[PDB]
Every structure is written in structure tokens, then in C-alpha cells.
């Protein structure tokens, strides 16, 4: 139908906007601490601690399959990256500190994304 097509155009455009959001968030991680899944070869107990691992590469795969229906779903995945790290790693570690800085800097990007998503509909 024409409606299914219109709906599909909306999703494609959301995917375009979220791709730009993701790029902007990933720039706030210049050390690439959150770029890839935590390695289960290198951290074999990880899934005993963290039940829903997340990272930027994994978000990107979902995004490119148009697997984010709305901004809420995308933010959920971003918050997992941060929250997983702040639980697994102690406060005095470069990893925890990286997550805090990503959270703080990402807030600004995500604030305007929400306005854009509501605005453009």
C-alpha cells in the first residue's frame, strides 16, 4: 500500500537522523572504549555480571537493519553501554570515567535529537 510506503519512508528518515546521532555520540568516545563488544575471550566471566551487553558496533548493526522504531529504543541501547560499564568497572578506572564523560557529553546531543524527532514527526 501507499501507507506502508509512507511508513517506510518515515523509518528511513528516522534511521538517517539516528545515524547522525550515533556518529555524534561515538565522537564523544575518542579512546574507542565503547566501540566494540566486551571480548568474552578476554573477560570470560562478563555475562555473569552484565546480562545485556551493548556497544556502538552492535547499535550500528541494529540501526542499519532499521531496527530502531523510535528514539526511545535507541536511547535504551545507549544507556546500556554507559550503565553496564559503570557497574562492571570501579569508580577509579579509566573505563568508568570514560562512561561518565560519554553520558555527560551525549546528553546535549540527545536533548536536541528528541526535539528534532518530535518536530519533524
Between 83, 23, 92, where does the largest GNM mean-square fluctuation fall for the chain, given springs only between Cα atoms within less than 10 Å? 92
Long-range share for the chain, i.e. C-alpha pairs more than 17 Å apart as a percent of all pairs, stands at 58 percent
For an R0 of 25 angstrom, estimate the FRET efficiency from the Cβ-Cβ distance between residue 11 and residue 36 and round to the nearest 0.05. 0.40
Averaging sequence separations of C-alpha pairs under 8 Å and six or more residues apart, then dividing by the length of the chain, give the relative contact order as a whole percent. 31 percent
Of 43, 108, 94, the one that fluctuates the most in a GNM where the chain has Cα springs shorter than 10 Å: 43
When the chain is treated as a GNM, springs tying every alpha-carbon pair under 10 Å, which of 69, 41, 28 comes out with the largest mean-square fluctuation? 41
For the chain, longest principal axis from Cα atoms; helix 2-27 axis from its Cα atoms; angle between them, nearest 10 degrees, is 30 degrees
FRET efficiency for residue 24 and residue 1 from the Cβ-Cβ distance with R0 = 35 Å, rounded to 0.05, comes out at 0.50
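Computed from the coordinates by the stated procedures, all read-outs in this text should not be read as laboratory data. Methodologically, a virtual Cβ is constructed for each residue, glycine included, from the backbone with ideal geometry; neighbour enumeration extends over all protein chains shown.
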